[PDB]
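Presented as structure tokens, the chain that follows is alone, the form deposited without the partner chain.
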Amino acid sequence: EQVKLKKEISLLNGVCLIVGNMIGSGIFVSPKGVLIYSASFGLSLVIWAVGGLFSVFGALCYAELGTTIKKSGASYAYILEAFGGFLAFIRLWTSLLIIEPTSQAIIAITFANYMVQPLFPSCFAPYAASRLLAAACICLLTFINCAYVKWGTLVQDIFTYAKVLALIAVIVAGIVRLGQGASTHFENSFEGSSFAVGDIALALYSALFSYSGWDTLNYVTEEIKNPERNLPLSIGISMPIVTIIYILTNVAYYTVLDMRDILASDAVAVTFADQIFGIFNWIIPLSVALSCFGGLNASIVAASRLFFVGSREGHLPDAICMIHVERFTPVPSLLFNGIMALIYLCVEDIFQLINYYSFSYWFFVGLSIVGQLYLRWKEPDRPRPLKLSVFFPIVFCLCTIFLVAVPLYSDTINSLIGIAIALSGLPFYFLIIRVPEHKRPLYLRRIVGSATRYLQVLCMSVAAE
């Protein structure tokens, strides 16, 4: 045949990618970010609905963008199309240095924690055991995605089914508790509600942070069986599912747990399970583990394809595209991503890094949408299969301006450190990537070419063609 990443993604695989990467484990463990800043059950539910609506706006923007540009790499390929080079290398680098390795490593550590949780419910799980299970999970998922692409989509589908079945168990338990008559929590809700622009803005911020997995399928979009039809349809099938699941899962939590017994909880779903299931309360930490497995597989697929496209341009070394000659899977990109994710596992406290890259993440999303608006102004008659109204790009541009202005006045020093990360990768751009390949150092090209030729047959990868 021809060495090239085949399509090998259906509509169901796309819905499962988006849903498994958007749900994750922040609805089982910490769904109390909206409830802290909105002191009511009713107001927190309304803010969940409003955040879901604004995330639907952003996801419609990204469906339009993905059918317009049609290149893998969610915001990298959309900053590279409207803007170029600069601001696309920075985002790619940001994702390479901090965003993707931290995200993955944290998902792996959470998987390990909630795998060993049923036998460590009160005490702390060991640090070495958590890190070794996280490393084993990252290695297994990187290998499964290095073997075949259909294996990666299959694992994603299985563990997304597991996610939604656990969340449907939670939702059904909550709705049954409501139906027996013991509501007593929505009896007089909207009572302690805090109505202040600060606390409502922070609740909206937490809600919009909860839905952060709709650009997933925009990373693997050269690998969809019919992108012009399976990107918008997959996104518009996955947004209602995740929104309704979030709202109904919070309804279940609020039905069973009172506020006290829900803000002092280290893992809400777990408490919910301990309080309603009795024994078989271990189903929920196991389900958080399976949820993190699915989310980590989605993260690995997305990051591997982002680095594939990064090196397909002049940004990363052109030994990262390098599709496998007989499996048609990006082996060097997946290996590089897994190595970078296993390096961050050695960091003891790895959530300060979340605090480092929050602002940069939402800045790059907003810059992708601004690039969409620019591509609507410049080059208007460029082929657009989905030409949505200019209302969704504008509304989510404002919403991401808000999501980026919150961390720039709340924790202004961590956002500056994230900016430092990006423009600290910048010195690789003005001396290696900006210079033509023929005048850059002869010996450095020699070394890189030899290393590439020695991880070529090793990865059994001949890149494109």
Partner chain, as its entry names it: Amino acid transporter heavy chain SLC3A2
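Residue numbers count along the first chain shown, from 1.
FYI, the form solved in complex with the partner chain isn't displayed, but the following is about it.
With the partner omitted from this view, the residue of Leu132, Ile244, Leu165, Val390 that lies near the partner chain in the deposited complex is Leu132 [heavy atom within 4.5 Å]. Of the residues given (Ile276, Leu154, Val325, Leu87), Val325 alone sits with a heavy atom within 4.5 Å of the partner chain in the deposited complex. Contact annotation: the partner chain lies within 4.5 Å of heavy atoms from the stretch 114 to 122 in the deposited complex, the single such stretch among 114 to 122, 299 to 307, 74 to 82, 175 to 183. By the criterion of a heavy atom within 4.5 Å, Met460 is counted among the residues contacting the partner chain in the deposited complex.
Although the partner is absent here, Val3 is a contact residue: one of its heavy atoms lies within 4.5 angstroms of the partner chain in the deposited complex. Interface residue remark: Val197 is not counted as part of the site for the partner chain in the deposited complex, having no heavy atom within 4.5 Å. Among heavy atoms of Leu140, some come within 4.5 Å of the partner chain in the deposited complex. Along 435 to 464, these residues reach a heavy atom to within 4.5 Å of the partner chain in the deposited complex: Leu442, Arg445, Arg446, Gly449, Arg453, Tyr454, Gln456, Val457, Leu458, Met460, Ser461, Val462.
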